[PDB]
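Structure record follows, encoded as structure tokens.
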Amino acid sequence: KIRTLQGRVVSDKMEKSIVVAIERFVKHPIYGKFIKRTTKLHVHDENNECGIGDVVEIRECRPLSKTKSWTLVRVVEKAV
Amino acid sequence: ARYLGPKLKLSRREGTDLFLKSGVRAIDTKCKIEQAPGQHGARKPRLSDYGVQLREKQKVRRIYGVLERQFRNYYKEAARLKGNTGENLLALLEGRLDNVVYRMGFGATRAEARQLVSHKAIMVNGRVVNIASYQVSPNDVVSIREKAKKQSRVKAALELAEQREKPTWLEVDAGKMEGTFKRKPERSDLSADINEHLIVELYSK
Amino acid sequence: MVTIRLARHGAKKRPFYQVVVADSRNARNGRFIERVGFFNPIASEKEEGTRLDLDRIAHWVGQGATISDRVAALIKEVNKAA
Amino acid sequence: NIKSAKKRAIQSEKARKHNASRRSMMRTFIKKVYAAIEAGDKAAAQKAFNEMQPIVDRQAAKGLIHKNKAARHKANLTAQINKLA
RNA sequence: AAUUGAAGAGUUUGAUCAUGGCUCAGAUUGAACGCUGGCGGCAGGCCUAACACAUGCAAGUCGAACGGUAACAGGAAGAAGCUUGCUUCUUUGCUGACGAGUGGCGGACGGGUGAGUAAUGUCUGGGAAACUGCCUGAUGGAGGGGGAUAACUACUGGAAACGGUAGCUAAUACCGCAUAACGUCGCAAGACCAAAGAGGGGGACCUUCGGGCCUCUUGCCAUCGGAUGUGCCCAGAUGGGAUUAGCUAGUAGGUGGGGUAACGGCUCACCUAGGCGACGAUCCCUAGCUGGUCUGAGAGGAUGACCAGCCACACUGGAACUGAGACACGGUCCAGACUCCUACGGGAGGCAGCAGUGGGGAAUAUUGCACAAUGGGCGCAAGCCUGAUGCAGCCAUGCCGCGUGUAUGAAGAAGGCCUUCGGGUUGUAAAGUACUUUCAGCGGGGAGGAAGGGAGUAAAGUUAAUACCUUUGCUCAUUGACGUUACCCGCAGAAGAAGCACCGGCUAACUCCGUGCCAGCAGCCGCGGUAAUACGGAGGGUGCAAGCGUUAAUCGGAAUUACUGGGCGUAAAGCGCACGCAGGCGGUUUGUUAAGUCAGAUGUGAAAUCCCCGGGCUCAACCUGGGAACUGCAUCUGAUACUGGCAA
Ligand SMILES: [Mg+2]
Ligand SMILES: [Mg+2]
Ligand SMILES: [Mg+2]
Ligand SMILES: [Mg+2]
Ligand SMILES: [Mg+2]
Ligand SMILES: [Mg+2]
Ligand SMILES: [Mg+2]
Ligand SMILES: [Mg+2]
Ligand SMILES: [Mg+2]
Ligand SMILES: [Mg+2]
Ligand SMILES: [Mg+2]
Ligand SMILES: [Mg+2]
Ligand SMILES: [Mg+2]
Ligand SMILES: [Mg+2]
Ligand SMILES: [Mg+2]
Ligand SMILES: [Mg+2]
Ligand SMILES: [Mg+2]
Ligand SMILES: [Mg+2]
Ligand SMILES: [Mg+2]
Ligand SMILES: [Mg+2]
Ligand SMILES: [Mg+2]
Ligand SMILES: [Mg+2]
Ligand SMILES: [Mg+2]
Ligand SMILES: [Mg+2]
Ligand SMILES: [Mg+2]
Ligand SMILES: [Mg+2]
Ligand SMILES: [Mg+2]
Ligand SMILES: [Mg+2]
Ligand SMILES: [Mg+2]
Ligand SMILES: [Mg+2]
Ligand SMILES: [Mg+2]
Ligand SMILES: [Mg+2]
Ligand SMILES: [Mg+2]
């Protein structure tokens with residue numbers, strides 16, 4: 001792997017059109033408090049397999065679509 | 001650029017001899033010094049801290065005959081340099097050529113010592129330097145140009161030069177009319193009656 | 001093709017060149033790839049006046065760079081080994 | 001507009017017509033192939049391919065379709081024909 | 001050694017403390033105006049109308065690709081000017097050369113601008129699916145044919161722009177044919193693709209005396225690399241507004257066809273019904289982004305000229321063609337707006353290149369010189385081109401330097417000014433006296449920016465070679481726009497060279513006369529109605545100086561949007577009260593995780609700038625060496641106290 005991303009699922013309901021939430025904390029660049037800056041990513045998962053609520057590992061591939069530059073690697077947990 | 005105006009007037013307002021008629025007579029009088037720098041000079045200038053602060057730097061300025069602009073840059077350079085800003089300021093001021101020409105005696109007053117500089121009648125380490133603000137450094141060697149040597153002025157110049165307390169930081173002939181800026185004058189040389197920290201304050205806010 | 005040439009960062013009447021490796025198509029004082037020397041032609045006989053990291057110049061001419069005409073002189077004027 | 005390389009203008013037309021004809025004739029021979037695939041004729045399909053292969057490869061060499069453009073076409077066609085040929 | 005640096009004042013009140021705005025001292029400017037104006041160095045110079053443009057110039061070059069001669073230069077069998085060696089025309093392209101044409105390479109660079117663009121952008125850090133002219137490594141290629149055509153000749157239409165016929169001809173133009181692997185398709189077997197010559201010198205030998213032949217150079221074809229350039233994808237960051245809360249049908253995804261140099265809803269067909277959105281979509285408004293620039297002790301605030309990087313645009317809208325590269329700044333085509341030419345039928349053009357013009361404005365320069373340098377195009381070269389550039393001209397617009405004189409000069413003149421008339425002041429100031437001559441003027445001399453290229457010659461690399469070619473010496477004759485250059489010497493005579501604002505308090509500097517709530521002043525307070533230090537003039541003084549004031553503008557002081565660093569009983573401020581979604585926060589224990597946090601390593605954070613230490617221009621501004629710094633971002637590996645996640 002050249003880096004990997006984790007994140008929860010958020011949306012499985014679409015022929016491989018899987019989108020994943022990623023969560024970082026970051027120091028507010030002005031008032032120093034730490035807030036939640038979320039990222040959604042449109043990831044590929046051949047033969048649809050993850051489900052809403054799954055934690056999942058993900059990696060940056062080339063463009064699979066205007067939107068998709070990431071496939072999944074592994075799954076982790078279910079039935080949240 | 002040069003002051004050019006009746007020059008005792010200054011010493012009188014500044015209340016002290018700035019040695020601007022330097023020449024012959026000493027401890028002024030034969031002038032009027034003090035009790036009427038103008039038409040109301042007679043009066044007591046009970047004056048703000050700003051004023052005493054103002055007049056000090058003015059005094060220092062009317063002395064080396066330096067105009068505001070240049071003096072500011074002196075201050076700024078002084079402050080840039082590590083060391084007491086006020087000392088550093090006094091250092092730079094002395095480092096002036098024209099000054100280190102009157103100080104070696106070749107010229108009656110700094111004004112005269114200057115006319116010499118501008119009139120290409122001086123040579124540092126051999127070469128002719130006709131700009132009054134040429135900063136002089138340790139070990140330097142300021143001479144008089146052979147052309148126009150022992151000419152008028154420069155005699156009486158090197159004369160009463162010995163009447164004066166007389167430097168230390170600089171050794172200097174008198175026959176050749178050459179002389180060597182040996183070191184950067186220390187605080188303790190020169191001064192007494194000048195108050196840096198005031199003219200540091202004038203330029204601090 | 002890339003080239004070794006003099007940029008003129010002088011100052012009216014007292015030129016002082018940087019010597020740079022860059023896309024020959026760019027401006028004489030524009031984007032470059034890396035700096036590889038300098039050349040003060042008013043050097044004065046005092047000290048310095050034409051420092052020149054040869055072992056880089058080398059590298060690029062290996063990678064296909066052409067050299068100016070002036071620079072070519074300087075290199076064959078630095079002598080080379082002494 | 002008045003400057004020597006008016007010449008260039010009139011030049012790029014000579015070029016343009018040249019490439020225009022060879023560029024069409026080429027896509028014709030290419031068409032003849034996809035025609036047979038839509039038809040069903042596996043033989044005419046190969047027959048078409050074998051006469052267009054050189055002229056593509058060839059055009060590329062000459063440089064109005066430089067490299068891989070040809071490739072794709074062969075690759076594509078080849079798949080198609082023996083997909084059911 | 002290298003950010004080691006922070007100040008307050010005036011003004012509400014009779015007075016006070018608090019609260020709180022207003023104002024002021026400071027830095028900064030691509031500035032303008034008013035008065036004034038001596039010289040030089042560096043720099044800056046349409047901020048407005050991305051308004052419109054007369055004229056010149058801003059891109060060509062190669063005869064060592066090609067047929068070539070029209071110009072001028074020579075030469076030539078031979079015809080001659082004849083004044084028998086000096087030479088004239090018919091002609092002849094014979095070569096030096098070269099208009100026009102074909103061809104090659106460059107016109108995608110350099111230079112202009114900030115319109116559009118809140119993201120095909122920019123900055124940071126990364127990723128995989130691609131092409132890449134010239135330059136460069138490697139390995140082989142480079143056979144043998146064919147039909148054209150511009151030029152030109154003849155005829156011919158137009159005022160012009162520029163055309164119509166018919167021929168006629170060369171090549172590095174063009175096309176077959178061969179050849180075909182470490183290339184392309186293909187699991188394989190197999191199938192399939194290319195090219196161009198041109199010079200330089202040369203022993204036999206000899207040829208149709210043109211050359212073969214030898215020989216070196218240079219270009220040409222193919223494949224894989226490099227180098228550089230460019231295309232593309234992801235994430236974060238990069239203005240404002242809810243008096244905009246919903247947005248979306250190629251929309252989101254899949255499958256296949258097509259397409260691109262390349263991944264891809266890029267496109268299509270068909271299927272799924274998705275995709276975005278309060279962590280602010282959509283809509284609206286404004287805007288090129290960066291490095292950095294100004295300010296501030298910092299944190300911030302403000303800003304994006306001049307220098308460098310990226311993007312974007314080239315009269316307006318739209319298109320593609322050529323090409324390695326363009327959807328092309330001085331290319332093409334269509335539409336539009338607008339302008340020019342005309343013989344009235346038709347043509348032509350785009351300054352946001354340089355200069356210049358009109359227009360707008362408070363305001364922003366010469367229709368200059370030169371390729372000498374550096375850099376770029378082409379050429380083997382010599383060279384040609386280069387408003388890039390290097391210089392010059394204009395403006396105190398700014399920065400920096402310098403000068404306009406230096407010493408001496410008293411009972412201290414004259415005049416002015418104040419005065420209790422005693423005197424004070426202007427004032428060592430003037431005059432007088434000695435002295436100096438920078439700068440400007442004048443006259444002499446005279447660096448550097450110059451490397452190289454040209455011939456010779458010498459050796460070496462080659463080769464048949466001592467020829468050519470390339471490389472390295474040697475000598476000789478040379479090459480500067482700036483330029484009356486820098487700098488140097490002499491010449492004359494203080495000779496040509498001082499102004500502007502201020503003086504009630506803040507705030508450095510006081511009197512008189514005039515005026516009388518008038519004329520007027522004023523940054524704030526506030527001055528003016530008979531003694532005005534505040535109006536106007538004068539004497540004197542203070543402040544700055546070839547500048548000085550005024551206006552405009554940013555930040556500062558303002559802890560007056562308070563993150564650092566503030567407040568809400570009565571001064572601005574607790575919603576009339578409650579319940580509660582989202583959101584924020586959350587007792588106590590153990591285990592686990594390693595996201596927040598912390599540590600280290602690596603890479604990256606362009607150069608310039610800033611700063612420290614030096615170096616070079618007589619100093620300085622300016623120029624430059626080298627460090628330091630860029631407080632950031634990412635990757636990897638670790639640490640587990642705190643926070644977050646999971647468990648109990
Ligand atoms: Mg000055
Ligand atoms: Mg396909
Ligand atoms: Mg009151
Ligand atoms: Mg005037
Ligand atoms: Mg020609
Ligand atoms: Mg705009
Ligand atoms: Mg060809
Ligand atoms: Mg073949
Ligand atoms: Mg052939
Ligand atoms: Mg597809
Ligand atoms: Mg502050
Ligand atoms: Mg410009
Ligand atoms: Mg267009
Ligand atoms: Mg093309
Ligand atoms: Mg134009
Ligand atoms: Mg113009
Ligand atoms: Mg006007
Ligand atoms: Mg120019
Ligand atoms: Mg009198
Ligand atoms: Mg002179
Ligand atoms: Mg020279
Ligand atoms: Mg020299
Ligand atoms: Mg006062
Ligand atoms: Mg006034
Ligand atoms: Mg009165
Ligand atoms: Mg503040
Ligand atoms: Mg408060
Ligand atoms: Mg209240
Ligand atoms: Mg209440
Ligand atoms: Mg706890
Ligand atoms: Mg840097
Ligand atoms: Mg120095
Ligand atoms: Mg815990």
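Note on naming: chains are A, B, ... as they come in the structure tokens, residues start from 1 per chain, ligands start from 1 in the order shown.
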Exercise. If you count only C-alpha atoms (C1' of nucleotides) and all ligand atoms, which residues end up within 12 Å of ligand 19, as a list in words?
Worked result: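 So, counting only C-alpha atoms (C1' of nucleotides) and all ligand atoms, the residues near ligand 19 are residues 412, 413, 414, 415, 416, 417, 418, 423, 424, 425, 426 and 427 of chain E.
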For this session: Might you pull out every residue within 7 Å of range 40-53 of chain A, with only C-alpha atoms (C1' of nucleotides) counted and same-chain residues fewer than 2 positions away left off, and present them as a VMD selection string?
Result: chain A and resid 8 to 12 15 to 22 38 55 67 to 72 78 to 80
File dump, residues just selected, N, CA and C atoms, as an mmCIF file, in the first residue's frame:
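selection_7.cif, freshly written:
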```
data_model
loop_
_atom_site.group_PDB
_atom_site.id
_atom_site.type_symbol
_atom_site.label_atom_id
_atom_site.label_comp_id
_atom_site.auth_asym_id
_atom_site.auth_seq_id
_atom_site.Cartn_x
_atom_site.Cartn_y
_atom_site.Cartn_z
ATOM 1 N N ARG A 8 -16.198 4.836 7.680
ATOM 2 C CA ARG A 8 -17.426 4.045 7.682
ATOM 3 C C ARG A 8 -18.093 4.110 6.307
ATOM 4 N N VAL A 9 -19.134 3.304 6.091
ATOM 5 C CA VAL A 9 -19.709 3.143 4.748
ATOM 6 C C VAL A 9 -20.631 4.290 4.332
ATOM 7 N N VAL A 10 -21.745 4.462 5.038
ATOM 8 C CA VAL A 10 -22.674 5.565 4.763
ATOM 9 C C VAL A 10 -23.654 5.289 3.611
ATOM 10 N N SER A 11 -23.183 4.686 2.524
ATOM 11 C CA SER A 11 -24.089 4.334 1.430
ATOM 12 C C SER A 11 -23.621 3.150 0.587
ATOM 13 N N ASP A 12 -24.396 2.073 0.658
ATOM 14 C CA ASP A 12 -24.129 0.863 -0.104
ATOM 15 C C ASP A 12 -25.133 0.675 -1.237
ATOM 16 N N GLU A 15 -25.405 -0.211 -7.323
ATOM 17 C CA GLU A 15 -24.524 -1.096 -8.101
ATOM 18 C C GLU A 15 -23.050 -0.698 -8.108
ATOM 19 N N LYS A 16 -22.374 -0.923 -6.980
ATOM 20 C CA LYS A 16 -20.937 -0.653 -6.828
ATOM 21 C C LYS A 16 -20.610 0.828 -6.581
ATOM 22 N N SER A 17 -21.601 1.700 -6.756
ATOM 23 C CA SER A 17 -21.434 3.135 -6.514
ATOM 24 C C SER A 17 -21.256 3.410 -5.011
ATOM 25 N N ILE A 18 -20.296 2.727 -4.379
ATOM 26 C CA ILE A 18 -20.077 2.864 -2.937
ATOM 27 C C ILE A 18 -19.376 4.164 -2.564
ATOM 28 N N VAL A 19 -19.936 4.837 -1.568
ATOM 29 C CA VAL A 19 -19.379 6.084 -1.081
ATOM 30 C C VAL A 19 -19.052 5.911 0.389
ATOM 31 N N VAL A 20 -17.878 6.382 0.791
ATOM 32 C CA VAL A 20 -17.383 6.137 2.133
ATOM 33 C C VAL A 20 -17.082 7.437 2.862
ATOM 34 N N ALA A 21 -17.423 7.471 4.148
ATOM 35 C CA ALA A 21 -17.128 8.614 5.004
ATOM 36 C C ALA A 21 -15.768 8.434 5.662
ATOM 37 N N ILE A 22 -14.997 9.511 5.726
ATOM 38 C CA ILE A 22 -13.722 9.507 6.427
ATOM 39 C C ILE A 22 -13.724 10.623 7.451
ATOM 40 N N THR A 38 -15.223 16.162 7.841
ATOM 41 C CA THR A 38 -15.561 14.908 7.181
ATOM 42 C C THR A 38 -15.242 14.936 5.691
ATOM 43 N N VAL A 55 -17.097 -0.625 8.566
ATOM 44 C CA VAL A 55 -15.817 0.049 8.452
ATOM 45 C C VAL A 55 -15.070 -0.672 7.341
ATOM 46 N N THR A 67 -15.581 10.707 -10.847
ATOM 47 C CA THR A 67 -16.062 10.550 -9.472
ATOM 48 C C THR A 67 -15.228 9.555 -8.672
ATOM 49 N N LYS A 68 -14.770 8.508 -9.351
ATOM 50 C CA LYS A 68 -14.177 7.352 -8.692
ATOM 51 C C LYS A 68 -12.692 7.280 -8.971
ATOM 52 N N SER A 69 -11.897 7.330 -7.911
ATOM 53 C CA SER A 69 -10.463 7.141 -8.047
ATOM 54 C C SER A 69 -9.945 6.245 -6.936
ATOM 55 N N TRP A 70 -10.843 5.446 -6.366
ATOM 56 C CA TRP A 70 -10.514 4.610 -5.225
ATOM 57 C C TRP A 70 -11.269 3.283 -5.283
ATOM 58 N N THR A 71 -10.565 2.184 -5.015
ATOM 59 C CA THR A 71 -11.190 0.872 -4.849
ATOM 60 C C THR A 71 -11.101 0.522 -3.379
ATOM 61 N N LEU A 72 -11.830 -0.499 -2.936
ATOM 62 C CA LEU A 72 -11.633 -0.968 -1.567
ATOM 63 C C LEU A 72 -10.610 -2.098 -1.501
ATOM 64 N N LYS A 78 -19.395 -5.156 10.893
ATOM 65 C CA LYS A 78 -20.691 -5.061 10.227
ATOM 66 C C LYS A 78 -21.797 -4.919 11.266
ATOM 67 N N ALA A 79 -23.043 -5.115 10.834
ATOM 68 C CA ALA A 79 -24.209 -5.015 11.714
ATOM 69 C C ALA A 79 -23.963 -4.045 12.871
ATOM 70 N N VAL A 80 -23.834 -2.764 12.534
ATOM 71 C CA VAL A 80 -23.511 -1.718 13.506
ATOM 72 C C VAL A 80 -24.573 -1.613 14.609
#
```
Problem set entry | Residue nearest ligand 5 - candidates E:53, E:71, E:455, E:391, atoms counted: only C-alpha atoms (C1' of nucleotides) and all ligand atoms |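 So, comparing all the options, the nearest one is E:71.
Taking CA of residue 65 in chain D and CA of residue 26 in chain D as endpoints, the distance between them is 10.3 Å.
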Exercise. Neighbours of range 77-86 of chain B within 12 Å (only C-alpha atoms (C1' of nucleotides); same-chain residues fewer than 3 positions away dropped), as a PyMOL selection string?
Worked result: (chain B and resi 57+60+70-74+89-93+95+186-187+191+194-204) or (chain E and resi 1+3-4+611-612)
Counting only C-alpha atoms (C1' of nucleotides) and all ligand atoms, give me one row per residue of chain E with an atom at most 9 Å from an atom of ligand 3, showing the shortest contact pair and its distance in Å to one decimal, sorted by chain then residue number, as JSON lines.
```
{"residue": "E:12", "atom": "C1'", "partner": "ligand 3", "partner_atom_place_in_ligand_line": "1 (Mg)", "distance": 8.5}
{"residue": "E:13", "atom": "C1'", "partner": "ligand 3", "partner_atom_place_in_ligand_line": "1 (Mg)", "distance": 6.2}
{"residue": "E:14", "atom": "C1'", "partner": "ligand 3", "partner_atom_place_in_ligand_line": "1 (Mg)", "distance": 7.5}
```
Exercise. Using only C-alpha atoms (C1' of nucleotides), which of the listed residues (C:22, C:36, C:57, C:52) sits closest to chain E?
Worked result: C:22
Problem set entry | Neighbours of chain E in chain D at 8 Å, counting only C-alpha atoms (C1' of nucleotides), as a PyMOL selection string | chain D and resi 1+5-6+8-9+12-13+15-16+50+53-54+57-58+61+67-68+71+74-75+78
Those residues you just picked out, can you put them in a file as a PDB file, in the first residue's frame with C-alpha atoms?
```
ATOM      1  CA  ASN D   1      -1.805  38.800 -43.386  1.00  0.00           C
ATOM      2  CA  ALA D   5       4.336  33.022 -43.760  1.00  0.00           C
ATOM      3  CA  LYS D   6       1.227  33.804 -45.730  1.00  0.00           C
ATOM      4  CA  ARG D   8       2.348  28.825 -44.340  1.00  0.00           C
ATOM      5  CA  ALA D   9      -1.390  29.406 -44.725  1.00  0.00           C
ATOM      6  CA  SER D  12      -1.312  23.932 -44.553  1.00  0.00           C
ATOM      7  CA  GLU D  13      -4.105  23.617 -47.124  1.00  0.00           C
ATOM      8  CA  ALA D  15      -1.338  19.400 -46.321  1.00  0.00           C
ATOM      9  CA  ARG D  16      -4.987  19.494 -45.245  1.00  0.00           C
ATOM     10  CA  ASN D  50      -6.353  -8.099 -43.581  1.00  0.00           C
ATOM     11  CA  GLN D  53      -4.360  -3.607 -41.256  1.00  0.00           C
ATOM     12  CA  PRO D  54      -1.551  -2.544 -43.582  1.00  0.00           C
ATOM     13  CA  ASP D  57      -0.173   0.565 -39.620  1.00  0.00           C
ATOM     14  CA  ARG D  58       0.965   2.347 -42.757  1.00  0.00           C
ATOM     15  CA  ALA D  61       3.977   5.397 -39.884  1.00  0.00           C
ATOM     16  CA  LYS D  67       1.050   4.838 -33.298  1.00  0.00           C
ATOM     17  CA  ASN D  68      -1.453   3.332 -30.815  1.00  0.00           C
ATOM     18  CA  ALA D  71      -3.303  -0.597 -32.375  1.00  0.00           C
ATOM     19  CA  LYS D  74      -6.704  -3.833 -34.751  1.00  0.00           C
ATOM     20  CA  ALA D  75      -7.192  -4.928 -31.150  1.00  0.00           C
ATOM     21  CA  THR D  78      -9.794  -8.669 -33.785  1.00  0.00           C
TER      22      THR D  78
END
```
Problem set entry | range 3-6 of chain A surroundings by only C-alpha atoms (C1' of nucleotides), 6 Å radius, close-in-sequence under 3 positions cut, as a ChimeraX atom specification | /A:56-59
Problem set entry | Residues within 12 Å of residue 33 in chain A, only C-alpha atoms (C1' of nucleotides), excluding chain neighbours under 5 positions, as a PyMOL selection string | (chain A and resi 25-28) or (chain E and resi 563+584+596)
For this session: Skip range 211-219 of chain E itself and residues of its chain fewer than 3 positions away, then list as a list in words all residues within 10 Å of it, counting only C-alpha atoms (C1' of nucleotides).
Result: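 Counting only the stated atoms, we get residues 64, 65, 172, 196, 197, 198, 199, 200, 201, 202, 203, 205, 206, 207, 380, 462, 463, 464, 465, 468, 469 and 470 of chain E.
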Could you pull the residues within 9 Å of residue 23 in chain D, counting only C-alpha atoms (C1' of nucleotides), minus those fewer than 5 positions along the same chain, as a short mmCIF file (atom, residue, chain, number, x, y, z; two decimals) with C-alpha atoms, in the first residue's frame?
```cif
data_model
loop_
_atom_site.label_atom_id
_atom_site.label_comp_id
_atom_site.auth_asym_id
_atom_site.auth_seq_id
_atom_site.Cartn_x
_atom_site.Cartn_y
_atom_site.Cartn_z
CA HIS D 18 -3.64 15.44 -48.64
CA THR D 28 -13.56 3.48 -45.29
CA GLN D 59 -0.86 5.64 -42.21
CA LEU D 64 -1.62 11.25 -39.51
CA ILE D 65 -2.63 8.70 -36.90
#
```
Problem set entry | Residues flagged strand (DSSP E or B) by DSSP in chain A, as a ChimeraX atom specification | /A:5,8-11,18-27,34-44,55-65,68-76
For this session: Pull out every residue of chain C sitting within 6 Å of chain E, counting only C-alpha atoms (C1' of nucleotides), and send them as number ranges by chain.
Result: C: 1, 25, 28, 63-64
For this session: Residues within 10 Å of ligand 29, counting only C-alpha atoms (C1' of nucleotides) and all ligand atoms: report them as a ChimeraX atom specification.
Result: /E:574-577
Restricted to N, CA, C and O atoms (P, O5', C5', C4', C3', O3' and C1' of nucleotides), what would the selected residues look like written as a PDB file, in the first residue's frame?
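Listed below is the output, result.pdb:
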```
ATOM      1  P     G E 574     -30.324  42.657  26.249  1.00  0.00           P
ATOM      2  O5'   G E 574     -30.081  41.957  27.654  1.00  0.00           O
ATOM      3  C5'   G E 574     -29.354  40.737  27.723  1.00  0.00           C
ATOM      4  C4'   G E 574     -30.262  39.549  27.911  1.00  0.00           C
ATOM      5  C3'   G E 574     -30.928  39.462  29.278  1.00  0.00           C
ATOM      6  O3'   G E 574     -32.191  38.790  29.189  1.00  0.00           O
ATOM      7  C1'   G E 574     -29.465  37.628  28.992  1.00  0.00           C
ATOM      8  P     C E 575     -33.311  39.218  28.112  1.00  0.00           P
ATOM      9  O5'   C E 575     -33.135  38.125  26.968  1.00  0.00           O
ATOM     10  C5'   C E 575     -32.868  38.500  25.623  1.00  0.00           C
ATOM     11  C4'   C E 575     -33.920  37.958  24.685  1.00  0.00           C
ATOM     12  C3'   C E 575     -35.194  37.422  25.349  1.00  0.00           C
ATOM     13  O3'   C E 575     -36.329  37.785  24.576  1.00  0.00           O
ATOM     14  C1'   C E 575     -34.254  35.759  23.970  1.00  0.00           C
ATOM     15  P     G E 576     -37.289  38.968  25.071  1.00  0.00           P
ATOM     16  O5'   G E 576     -38.127  38.312  26.259  1.00  0.00           O
ATOM     17  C5'   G E 576     -38.183  38.951  27.525  1.00  0.00           C
ATOM     18  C4'   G E 576     -39.000  38.165  28.515  1.00  0.00           C
ATOM     19  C3'   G E 576     -38.674  36.675  28.631  1.00  0.00           C
ATOM     20  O3'   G E 576     -37.589  36.422  29.519  1.00  0.00           O
ATOM     21  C1'   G E 576     -40.999  36.954  28.339  1.00  0.00           C
ATOM     22  P     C E 577     -36.744  35.045  29.488  1.00  0.00           P
ATOM     23  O5'   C E 577     -37.799  33.890  29.773  1.00  0.00           O
ATOM     24  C5'   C E 577     -38.021  33.459  31.107  1.00  0.00           C
ATOM     25  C4'   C E 577     -39.149  32.467  31.204  1.00  0.00           C
ATOM     26  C3'   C E 577     -38.834  31.051  30.746  1.00  0.00           C
ATOM     27  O3'   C E 577     -38.151  30.276  31.714  1.00  0.00           O
ATOM     28  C1'   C E 577     -40.839  31.747  29.750  1.00  0.00           C
TER      29        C E 577
END
```
For this session: Using DSSP on the backbone coordinates, identify the residues of chain D assigned to alpha helix (DSSP H); present them as an MDAnalysis selection string.
Result: chainID D and resid 6:39 42:62 69:84
Problem set entry | Counting only C-alpha atoms (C1' of nucleotides) and all ligand atoms, the residue of E:23, E:7, E:316, E:153 that sits nearest ligand 13 |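 Closest candidate: E:316.
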Exercise. Residues within 12 Å of ligand 28 (only C-alpha atoms (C1' of nucleotides) and all ligand atoms), as a count of residues only?
Worked result: 8
For this session: Please check which protein, DNA or RNA residues sit within 9 Å of ligand 17, counting only C-alpha atoms (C1' of nucleotides) and all ligand atoms, and write them as JSON, numbers by chain.
Result: {"E": [359, 360, 361]}
For this session: Could you pull out the residues sitting within 12 Å of ligand 12, using only C-alpha atoms (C1' of nucleotides) and all ligand atoms, and write them as number ranges by chain?
Result: E: 30, 44-46, 111-113, 305-307, 352-353
